[PDB]
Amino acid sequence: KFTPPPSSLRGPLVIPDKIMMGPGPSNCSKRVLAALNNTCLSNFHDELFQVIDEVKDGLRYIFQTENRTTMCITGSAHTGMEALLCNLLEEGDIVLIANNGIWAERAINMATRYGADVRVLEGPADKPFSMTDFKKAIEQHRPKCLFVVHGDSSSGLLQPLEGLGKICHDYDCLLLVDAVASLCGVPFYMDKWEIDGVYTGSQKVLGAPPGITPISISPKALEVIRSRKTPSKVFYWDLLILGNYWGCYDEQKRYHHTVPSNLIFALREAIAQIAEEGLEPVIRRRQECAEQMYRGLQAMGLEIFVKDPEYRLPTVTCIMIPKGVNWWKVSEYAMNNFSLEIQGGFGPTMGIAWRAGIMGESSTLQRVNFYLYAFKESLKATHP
């Protein structure tokens, strides 16, 4: 005797192809999606350990670090933010957060939740912080950790990082960076920029399925986690024990949790494509695409949230909605008529812009010209 099954599961799974040029999930390649179609291996199968070691080598490549303490967390990229703050901060520890968009606000939320003394450097969403802004705020607050968003997908803002680590280190402070939307889209040098903790997202520039999160921490950062008098609040992403299974220490592997092998298979292959082509050509192609996007947008009389090109994040461009234009009518027509994802605004850009992403397989000149055409045609047909 059971309550009978619902009728909503009687039909098939039907997902159409979409051209995914939000900042959202990106298009993954054929090679990457085929990698999902494999045995969900055991935690302790040799073939899985092999894939994990290759993935760690690949992450040290795309992060540009020698950090042994390089792994994935099982979850979305939020998970990276959670783990850096959860692990590195005890009750009362002072964290400084540079806030000019919604991802800082998330970080402010979590750090309060883990019981930290949160200090906030506030700024306008459309301009970056100067080294002078950071120095004063570190002097004032004398924080254990600084948290900074590198590429803000909610603004289209790229925060320059050259020298912030030296400054952080002069004041005995760890430097933590979100590189979810920035990595493989612009130059990034974890070690030379003296970053003590970074994470990215599988579904942004890498063009891999969501659900698995690259993370890396510095020897200094490992040392602070080892020093803690109190245990971190979450077993699931305690980096001393997750690190163990990921074979980051001089220890026998122990079962911690069941890793999403299929997702990890897809991530290996995604890194492989970037290694094959080379990190520098991949970044340049994304840079060239963004130039083309700016040229086309200029030709159409449309503006960009971040006015100063120097400080624009190439992978996410926030296109301003002109007076008299309904944004959702454009987005809805594009999807319905071209299968194009033209995503609305978010955080500081809510209500005032669309977000145009150049990530994964949509990082080509041909995809950029189809975006502006479809966008243009979607305006005209919804506003005459």
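Start at 1 and count along the sequence shown; that's the residue number.
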Which is higher on mean Cα B factor in this entry, 172-180 or 131-139?
131-139
Per the PDB record, is the mean Cα temperature factor higher over 363-371 or over 5-13?
5-13
For the CA B factor values reported in this entry, which option in 56, 31, 323, 355 has the top one?
323
Which is it among 306, 270, 212, 85: the one with the largest CA B-factor in the entry?
306
Against its chain's modelled residues, does residue 68's Cα B factor rank lowest, middle or highest third?
middle
Pull the Cα B-factor of residue 230 out of the PDB entry and bin it into the chain's lowest, middle or highest third.
highest
Using the B-factors in the PDB entry, rank residue 315's C-alpha atom against the chain and give the third, lowest, middle or highest.
lowest
Please place residue 92 in the lowest, middle or highest third of its chain by C-alpha B factor as given in the entry.
highest
Quick check for you: using the entry's CA B-factors within this chain, is residue 203 in the lowest, middle or highest third?
lowest
